[PDB]
J.: 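Attaching a single structure in structure tokens format; questions to follow.
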Amino acid sequence: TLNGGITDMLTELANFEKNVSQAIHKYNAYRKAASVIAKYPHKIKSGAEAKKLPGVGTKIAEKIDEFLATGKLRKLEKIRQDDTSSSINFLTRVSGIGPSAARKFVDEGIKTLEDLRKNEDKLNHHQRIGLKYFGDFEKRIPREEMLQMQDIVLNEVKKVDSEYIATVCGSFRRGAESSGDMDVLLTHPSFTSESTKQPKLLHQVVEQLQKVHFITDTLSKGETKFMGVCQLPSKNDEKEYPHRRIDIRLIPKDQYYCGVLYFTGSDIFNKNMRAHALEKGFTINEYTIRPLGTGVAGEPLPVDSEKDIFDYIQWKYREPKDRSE
DNA sequence: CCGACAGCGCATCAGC
DNA sequence: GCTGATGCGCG
DNA sequence: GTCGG
Ligand SMILES: [Mg+2]
Ligand SMILES: [Mg+2]
């Protein structure tokens, strides 16, 4: 964090554009600049220096000059003073409340944590759970807790069917000392790109984790994606652990490597990599990498490892720990 | 200049 | 009921 | 907001 002040500024601007302006490309532009600067191994002395980096243009360079000179940004000072913008930004911190819902709520005079709490009947299911655990979902998860959680999930999955493979991805797989949530990539040989030889593959696993009181709430749930809440058990007389977000993704077994590449991230790494794929004439999703013809995706290319995907787009392989962008 | 910017699962809603 | 659009979320 | 062509 040699350039922590700058990257914080850019992230705050990114969030303003996403939550308030609803200008998603400006949001992505700011997050790309923040990311490229985050990994720059020198303490930035000027906007001109920063503009040399890809993703940092004239506008951001000027803001960097203002920040370096004064230690702040007037544009952000104003955004902070603005009540509507401040309220909208806050409400979007609740899982399930996006830019649209946030603005609608502020319109109806619902703009604080207290307001949400007394207008629970105006929230959908996801939003109600997000509100319920607002504080807990703010907290990071120490890797030590992530390991305990992995143990529980892997063992319980094995108890349902020894043929399941569960893999913890996200920041955890990238080696992070703390994670925002737990991401689990699930496979079973009965579910491939060719056929689904049995139903409820995800359900069975979700049910088992609920049975042992690990999964506590469900935000959303389909045939291949679960989004919910979980909690480590605590010992006698011990304060309870915070509730944690958990995502579970069931991926066709023969598409494991594209799946694990996707779920490992980071999000910015994925966007950079998929963008590069397009430049190289390929399209990548969590299932396949395909060639682009007219500009139409052709058939899935053969993939036997994460590295095969990197090879297709002519990138040297990067270990998970080097994908934290 | 200006087109493009990654890709997709689940929930909700409008329109039929 | 279904379809398509839109919101929100995941990396 | 930034970039490539
Ligand atoms: Mg995560
Ligand atoms: Mg997650």
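First the proteins, then the strands, lettered A, B, ... as listed; each starts at 1.
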J.: Can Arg249(A) and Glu286(A) be said to form a salt bridge (charged side-chain N to carboxylate O under 4.0 Å, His left out), step by step?
T.: CA-CA 10 Å; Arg249(A) 185 75 189 263; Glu286(A) 64 260 61; 2.7 Å; yes

J.: Mind calculating the distance between CD1 (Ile88(A)) and P (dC8(C)) to the nearest angstrom?
T.: 11 Å

J.: Take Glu156(A) and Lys159(A) through the test salt bridge (charged side-chain N to carboxylate O under 4.0 Å, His left out) and record every step on the way to the result.
T.: CA-CA 5 Å; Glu156(A) 298 300 326; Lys159(A) 288 170 189 173; 3.2 Å; yes

J.: What are the bounds, 5' to 3', of the part of DNA chain D that sits under 4.0 Å from heavy atoms of chain A?
T.: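 Going 5' to 3' along DNA chain D, contacts run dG1(D) to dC3(D).
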
J.: Quick check against the 3.5 Å criterion: does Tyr164(A) have a side-chain atom that pairs as donor or acceptor with the backbone of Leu201(A)?
T.: yes

J.: Is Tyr30(A) touching bases, backbone alone, or none of the nucleic acid, heavy atoms closer than 4.0 Å?
T.: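 Sugar-phosphate only.
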
J.: I'd like to know if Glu207(A) and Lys200(A) make a salt bridge, using a cut-off of under 4.0 Å between side-chain N and carboxylate O.
T.: no

J.: How far does OH of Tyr317(A) sit from CG of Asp311(A), to the nearest 0.5 angstrom?
T.: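 That separation rounds to 10.5 Å.
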
J.: Specify the separation, in whole Å, of atom CE of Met182(A) and atom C1' of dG11(C).
T.: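 One finds 16 Å between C1' of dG11(C) and CE of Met182(A), rounded.
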
J.: Do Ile268(A) and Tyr262(A) land in one hydrophobic cluster if side-chain heavy atoms of ILVMFWY residues count as linked below 4.5 Å?
T.: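 The answer is no; the residues belong to distinct hydrophobic clusters.
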
J.: Out of curiosity, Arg323(A) CZ to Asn270(A) CG, how far, rounded to the nearest 0.5 Å?
T.: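 It comes to 9.0 Å.
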
J.: How long is the line joining CZ of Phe137(A) and P of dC10(C), in whole Å?
T.: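 Between P of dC10(C) and CZ of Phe137(A): 10 Å.
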
J.: Determine yes or no for a side-chain-to-main-chain donor-acceptor pair under 3.5 angstrom, with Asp217(A) supplying the side chain and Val229(A) the backbone.
T.: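 No, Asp217(A) side chain to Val229(A) backbone: no donor-acceptor pair under 3.5 Å.
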
J.: Does the ring center of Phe134(A) lie less than 6.0 Å from the ring center of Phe90(A)?
T.: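 Here the rings of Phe90(A) and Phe134(A) have centres that are less than 6.0 Å from each other.
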
J.: Which dot-bracket notation, 5' to 3', represents the base pairing of DNA chain B when pairs are defined as Watson-Crick or G-U with both distances under 3.5 Å, crossing pairs as [ ], and inter-strand pairs as |?
T.: |||||.||||||||||

J.: If I pick the P atom on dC8(B) and the same atom on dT2(D), what distance separates them, to the nearest angstrom?
T.: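 Between the two P atoms, the distance is 28 Å.
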
J.: Check every strand shown and say whether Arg174(A) touches a base, only sugar-phosphate, or nothing at a heavy-atom separation below 4.0 Å.
T.: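 Counting heavy atoms under 4.0 Å across all strands, the contact made by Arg174(A) is with sugar-phosphate only.
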
J.: How is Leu53(A) classified with respect to the nucleic acid when contacts are heavy atoms under 4.0 Å: base, sugar-phosphate, or nothing?
T.: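 The answer is sugar-phosphate, as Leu53(A) gets under 4.0 Å only of primed atoms, P, OP1 or OP2.
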
J.: Pick north or south for the sugar of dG1(C); the rule is positive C1'-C2'-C3'-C4' for north, negative for south.
T.: north

J.: Once each nucleotide of nucleotides 4-13 of chain B is scored for protein heavy atoms under 4.0 Å, what B/S/- sequence comes out, 5' to 3'?
T.: -BBBSBSSS-

J.: Rounded to whole Å, please give me the gap between CZ in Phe105(A) and P in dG7(C).
T.: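 It works out to 14 Å between those atoms.
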
J.: When the distance from CG of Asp181(A) to P of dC8(C) is rounded to whole Å, what number comes out?
T.: 19 Å

J.: Describe, in one word, how the ring planes of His276(A) and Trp315(A) are oriented to each other, choosing from parallel (under 30°), tilted (30 to 60°) and perpendicular (over 60°).
T.: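 Ring orientation of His276(A) relative to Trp315(A): parallel.
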
J.: Remember a base hit wins even if backbone is also touched, and classify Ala33(A) as base, sugar-phosphate or nothing at under 4.0 Å, heavy atoms.
T.: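 Nothing, no nucleic acid heavy atom in range.
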
J.: What's the closest nucleotide to the side chain of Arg245(A) if the choices are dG9(C), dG11(C), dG7(C)?
T.: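 Nearest to the side chain of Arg245(A) among the choices is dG9(C).
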
J.: Take the six-membered rings of bases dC10(B) and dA11(B), measure centre-to-centre distance and interplanar angle, and say whether these fall under 5.5 Å and 30° respectively.
T.: yes

J.: Looking for any heavy atom pair under 4.0 Å, which part of the strands does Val260(A) touch: base, sugar-phosphate only, or nothing?
T.: nothing

J.: Please say which of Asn285(A), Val296(A), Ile284(A) ends up in a side chain to side chain contact (heavy atoms under 4.5 Å, CB included) with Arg290(A).
T.: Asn285(A)

J.: Using 4.0 Å as the upper bound for N to carboxylate O, is an ion pair formed by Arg80(A) and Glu12(A)?
T.: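 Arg80(A) and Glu12(A): salt-bridged.
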
